[PDB]
Amino acid sequence: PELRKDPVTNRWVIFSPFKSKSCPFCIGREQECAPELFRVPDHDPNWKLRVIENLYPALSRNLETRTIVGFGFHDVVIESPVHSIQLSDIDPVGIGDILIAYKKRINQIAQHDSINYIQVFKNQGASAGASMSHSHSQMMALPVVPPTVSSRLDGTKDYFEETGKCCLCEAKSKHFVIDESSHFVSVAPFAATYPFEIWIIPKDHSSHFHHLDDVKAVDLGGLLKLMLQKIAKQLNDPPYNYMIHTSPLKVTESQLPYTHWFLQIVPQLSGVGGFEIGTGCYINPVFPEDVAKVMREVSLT
Amino acid sequence: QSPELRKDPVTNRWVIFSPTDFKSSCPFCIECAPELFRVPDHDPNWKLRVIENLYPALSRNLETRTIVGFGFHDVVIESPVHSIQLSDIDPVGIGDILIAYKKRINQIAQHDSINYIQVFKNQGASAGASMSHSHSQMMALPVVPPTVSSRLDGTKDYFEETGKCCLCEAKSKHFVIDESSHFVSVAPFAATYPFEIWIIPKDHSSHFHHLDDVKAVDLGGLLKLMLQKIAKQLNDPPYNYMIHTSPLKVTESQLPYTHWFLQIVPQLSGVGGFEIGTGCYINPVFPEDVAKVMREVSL
Ligand SMILES: [Zn+2]
Ligand SMILES: [Zn+2]
Ligand SMILES: [Zn+2]
Ligand SMILES: [Zn+2]
């Protein structure tokens, strides 16, 4: 029983020593969805993925301006035409299509100086915030750098000021590797927030996600595919959340030395109570040292 | 209404707003872990009692990028009868619960190894409630938590601007639901959760354990004028409530802008990617609507 901290989260966690618990997005019904922004391959009727708006967005793109009007970009990414295929089934090259696609929609938003941050994420399972079963992802442009980012800037910075090192750059000497690819390496966070949380960090110190290329998007695809697969099994196909962390669009040169984006997967294994809510502090019932082992063992025979 | 981000000094961060419509014996009754004390003292005809937590998040026996698990994890058995709920208990018995907290904060304080104490309550497994027997808990910590530190930032940066404590400015910076003798309840302007409710002392106090017997009954009542409305209007949803107080060693300097309060959150929805990735929340109901439906509710 101890408290572990990390520059990235910039907060302490308590470790105290597990399993789970057609459609308007299908090809053809593509006329029931909100205005289309683009698809892949380019406007081809034999599509593999596409990004659409959001009928009832969390932030409106039609309001571009103690309070701030709810302007933002709330977009949806249909990962496939096939209703039976999930992100775990897609071929590594296909995930790459998704990752290169996120890059696309992200590169377009950057043109709007009003976008402070952009959160891209994946919800699989109703309880984990996913209505439809059809494979889909989302994007909510934000006119405000969020708390996890502000915390991360401060954390890694403080660390960098006192060590000159980029915490996520010495990943091999910080966390617990589950798998490793050409330009990426997944890990069990040394100070992970949730049970069986996994981070996939790029190997090159890059301060932003939309800097990756096709070759790397397919390589990161497989590592992400391998991690979701070992998760889906070893943990009895539990629901999970997927979100990408990266420096805001206005990130400063000075912040660049210690700013490095990463990918995080959180399988929904348990909820929270009054302790976590009131403090922001959380409890993890599964050490990362015991996640790394089990993870490097799970098979797919 | 149309989307509208809001931020409060207390949370010190923005929240998204984009919207009546919402829906929904044991070994502890008069075998438990070591007792700290009960009420009345050593009295067998007991109402409440506080015991060690058989399996502590932070072990009191550890007392010594990583820190030792030292900490106190205690439990407050709120009732002798298995079939009772805080909302029901008379404003008196609850006061004894509150006083028990205050009394507990006092003892814990003696330890310098501790920096923050977190008092809270869970009801309904779905909200973390351990067992069905009415109870609450107190978690002692060797570190001040993000919310307190975050709040310390916002309550200050806001004070260094208006020279005032936003919480003493409750009535004016929020949506009043109900007021009692020494406390008031509102719908926080930038509330995090739908139907989230705050009960704030009207006098500028910086720490909960400073509350006295009169205020404890006045509070016991308001905390009883809100919950009965929550259980009704939302139809007995699970819920969590957690008092937010200053650090064990808050500095005199931070004192003018550190005002404690109790947060009640009715469980009406879960979280997802966006939330975990940003730390920002999406709330389906403006405190205005909430403030307008909670006044109407009749008990
Ligand atoms: Zn579908
Ligand atoms: Zn790096
Ligand atoms: Zn009982
Ligand atoms: Zn005040």
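Chain B uses Swiss-Prot numbers throughout; the residues present, in order, are 21-39, 46-50, 62-67, 72-105, 116-350.
Cβ coordinates come from backbone N, Cα and C, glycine included.
Feature list (source: Swiss-Prot):
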type	residues	note
ACT_SITE	B:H186	active site, tele-AMP-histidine intermediate
BINDING	B:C63, B:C66, B:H133, B:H184	Zn(2+) 1 binding site
BINDING	B:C216, B:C219, B:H255, B:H310	Zn(2+) 2 binding site
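Mapped onto three states, the DSSP output places B:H186 (active site, tele-AMP-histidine intermediate) in strand. Taking the binding-site residues B:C63, B:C66, B:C216, B:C219 in turn, the residue surrounded by the fewest other Cβ atoms inside 10 Å of its Cβ turns out to be B:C63. Checking the binding-site residues B:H133, B:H184, B:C216, B:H255 against ligand 3 with a 6 Å cutoff on the Cβ atom leaves B:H133, B:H184, in sequence order. Here the CA atom of B:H255 (Zn(2+) 2 binding site) lies 37 Å from the CA atom of B:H133 (Zn(2+) 1 binding site). One thing to note is that 4 residues go unmodelled from B:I67 to B:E72, and the Cα atoms at each side are 11 Å apart.
B:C216 (Zn(2+) 2 binding site) and B:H184 (Zn(2+) 1 binding site) are 38 Å apart (CA-CA, integer value).
Separation across the 6-residue hole in the deposited chain, B:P39 to B:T46, is 13 Å (Cα atoms).
Cα of B:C219 (Zn(2+) 2 binding site) to Cα of B:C63 (Zn(2+) 1 binding site): a span of 42 Å. Sequence-distant contacts of B:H186 (active site, tele-AMP-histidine intermediate), defined as residues of its own chain at least six apart whose C-beta falls under 8 angstroms from its C-beta, comprise B:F65, B:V126, B:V127, B:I128, B:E129, B:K172. Cα of B:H310 (Zn(2+) 2 binding site) to Cα of B:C66 (Zn(2+) 1 binding site): a span of 36 Å. Those residues of the chain, other than B:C63, B:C66, B:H133, B:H184, with a C-beta within 8 angstroms of the mean position of the Zn(2+) 1 site C-beta atoms are B:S62, B:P64, B:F65, B:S130, B:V132, B:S134, B:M182, B:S183, B:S185.
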